[PDB]
Each structure stands twice: as C-alpha cells, then as structure tokens.
K.L.:
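Structure incoming, see below.
Only this structure's heavy atoms are used, side chains among them; waters, hydrogens and symmetry mates stay out. Along the sequence shown, the residues carry numbers beginning at 1.
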Amino acid sequence: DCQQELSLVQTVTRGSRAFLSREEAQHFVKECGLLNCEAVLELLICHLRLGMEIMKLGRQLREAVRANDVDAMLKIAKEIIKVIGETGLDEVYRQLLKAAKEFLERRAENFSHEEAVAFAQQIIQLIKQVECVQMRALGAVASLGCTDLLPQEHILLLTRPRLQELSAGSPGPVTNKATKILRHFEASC
C-alpha cells in the first residue's frame with residue numbers, strides 16, 4: 001500500500017541522529033521487502049530533492065536576516081511553502097510548513113520588524129533540522145543500495161541523477177555522504 005511506504009519513509013527520516021541505528025536500518029530494509037522497494041526509493045529521492053531546495057532557501061534566508069530585508073524574508077518563506085506543498089506530503093517539514101505559513105499569515109496585519117526577524121530565525125533553526133533529514137534519507141538509500149532487493153544497475157539508474165546534484169552542492173556532510181554513496185553504486189556496476 002502506498003500509505004505504508006510513506007509511513008516507512010517518514011519513520012526512518014525521523015530522529016535526532018544524522019545516522020540510522022543498526023536496528024532502524026535493518027527494520028527499514030525488512031519493511032521495504034514487504035512493500036514496493038522502488039516506490040520507497042522514489043519517495044526518498046523526492047525527499048532528497050525537496051531537502052536540497054530547502055537548504056538553498058535556508059542560505060538565502062540567512063542573507064535576508066543579515067541584510068535586514070523583511071521583503072526578502074517573506075519571499076523566501078513563501079518559496080519554502082511552494083516547494084513543500086507541491087512535492088507530495090509534509091509530515092517531515094511539518095513544523096517548517098507551520099512557521100512559514102504563520103510568518104506569511106501575519107503579513108495580513110501590521111507586524112513589527114523585530115517580529116519578522118524572529119520568524120526568520122525560527123525558520124532558520126528548523127531548516128538546520130532538515131540537514132539531519134537528508135543524512136537519514138541518504139542512509140536509507142545506502143542501506144537499500146547495499147542489498148540485493150534491487151539490481152545494482154537498477155539502483156544506479158534510479159539514484160544517480162539525484163546523487164549527482166547532491167554531490168555538486170556546497171561542501172558539507174550531505175555532499176560528502178552522497179558522493180561516497182554515488183562512488184559505491186557506480187563502482188559495483
């Protein structure tokens with residue numbers, strides 16, 4: 001069922017750790033076997049694309065706070081809503097969707113400048129938690145990729161375009177981790 005795979009993906013991406021525990025990785029692999037493994041991998045890839053767009057908006061929102069451009073803060077908060085609301089569900093990023101809409105809804109009233117910065121920093125703090133979501137989604141891809149559930153060439157076909165976009169991004173944990181996963185998938189083939 002399509003709902004059970006979404007519940008599996010939102011569960012494995014849920015946690016304070018940027019790395020899956022062995023029990024979380026094993027349970028994720030076993031539950032993928034009970035569901036459609038390709039449908040699970042596509043949900044992770046969609047999560048990885050949304051997370052990449054969120055961080056780029058998170059960087060721009062940082063510059064908006066430094067430049068004290070309230071209009072730029074509202075424009076970016078609106079783009080966070082658009083990219084999240086369009087791409088599938090949003091149980092992960094649920095708080096980010098609330099704070100962005102709340103920031104955008106108070107625009108209907110005469111809201112203060114210190115009040116606008118507080119929302120931007122609240123959105124910036126929540127976007128830092130998105131970095132952990134991507135590291136978890138990349139870990140679920142690696143756990144599924146290091147198994148025989150899908151052919152290695154088929155695993156590479158599904159994940160290479162997204163893994164390349166992550167590897168080309170700015171340096172950091174998600175860039176180095178996606179590069180390492182892409183190396184292993186390409187080398188196995």
K.L.:
A side-chain contact here means heavy atoms from C-beta on lying under 4.5 Å apart; do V174 and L48 qualify?
P.N.:
no

K.L.:
Between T159 and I45, what is the shortest heavy-atom contact and its length?
P.N.:
CG2-CD1, 4.0 Å

K.L.:
Among residues at least two apart in sequence or on other chains, which ones pass salt bridge (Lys or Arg N to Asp or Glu O under 4.0 Å) with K180?
P.N.:
none

K.L.:
Is the backbone of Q60 close enough, under 3.5 Å, to the side chain of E63 for a donor and an acceptor to pair up by distance?
P.N.:
no

K.L.:
Holding to side-chain contact (heavy atoms from CB on, under 4.5 Å), I want the full list of residues that pass it with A25, two or more places apart in sequence or in another chain.
P.N.:
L20, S143

K.L.:
Please report the closest heavy-atom contact between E131 and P173, naming both atoms and the distance.
P.N.:
OE2-CD, 3.3 Å

K.L.:
Do you know the tightest heavy-atom contact between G15 and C132?
P.N.:
O-SG, 3.6 Å

K.L.:
By the side-chain hydrogen bond (donor to acceptor under 3.5 Å, both in side chains) test, which pairs, at least two apart or in different chains, include something from residues 39-56?
P.N.:
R49-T87, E53-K56

K.L.:
Determine, stepwise, if the pair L6 / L89 fulfils side chain to side chain contact (heavy atoms under 4.5 Å, CB included).
P.N.:
CA-CA 9 Å; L6 207 158; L89 219 120; 3.8 Å; yes

K.L.:
Under 3.5 Å, side-chain donor or acceptor atoms of residues 107-129 against the rest of the protein: list the pairs with distances, not counting sequence neighbours.
P.N.:
| residue | atom | partner | partner atom | Å |
| --- | --- | --- | --- | --- |
| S112 | OG | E114 | N | 3.4 |
| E115 | OE1 | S112 | N | 3.0 |
| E115 | OE2 | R106 | NH1 | 2.4 |

K.L.:
Compile the donor-acceptor pairs under 3.5 Å between side chains in residues 182-189 and protein atoms, sequence neighbours left out, one pair per line.
P.N.:
| residue | atom | partner | partner atom | Å |
| --- | --- | --- | --- | --- |
| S188 | OG | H184 | O | 3.0 |

K.L.:
Which atom names give the shortest non-hydrogen contact between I181 and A142, and what distance separates them?
P.N.:
CD1-CB, 3.9 Å

K.L.:
Cut-off 3.5 Å, no hydrogens considered: what does the side-chain donor-acceptor table look like for residues 64-81, sequence neighbours left out?
P.N.:
| residue | atom | partner | partner atom | Å |
| --- | --- | --- | --- | --- |
| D69 | OD1 | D71 | N | 3.3 |
| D69 | OD1 | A72 | N | 3.1 |
| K75 | NZ | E79 | OE2 | 2.3 |

K.L.:
Determine, step by step, whether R17 and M135 satisfy the side chain to side chain contact (heavy atoms under 4.5 Å, CB included) criterion, reporting the C-alpha distance in whole Å, the side-chain angles of both residues, the deciding distance to 0.1 Å, and the verdict.
P.N.:
CA-CA 9 Å; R17 290 295 224 159; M135 297 286 288; over 6 Å; no

K.L.:
Do you know the tightest heavy-atom contact between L149 and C37?
P.N.:
CD1-SG, 3.7 Å

K.L.:
Where do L8 and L35 come nearest, in terms of heavy atoms and distance?
P.N.:
CD2-CD1, 4.2 Å

K.L.:
Decide yes or no for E38 and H154: does some side-chain heavy atom of the first lie under 4.5 Å from some side-chain heavy atom of the second?
P.N.:
yes

K.L.:
Any ion pair linking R136 and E24 (charged N to carboxylate O, less than 4.0 Å)?
P.N.:
yes

K.L.:
Using a 3.5 Å distance criterion without hydrogens, assess whether the side chain of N36 forms a donor-acceptor pair with backbone atoms of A39.
P.N.:
yes

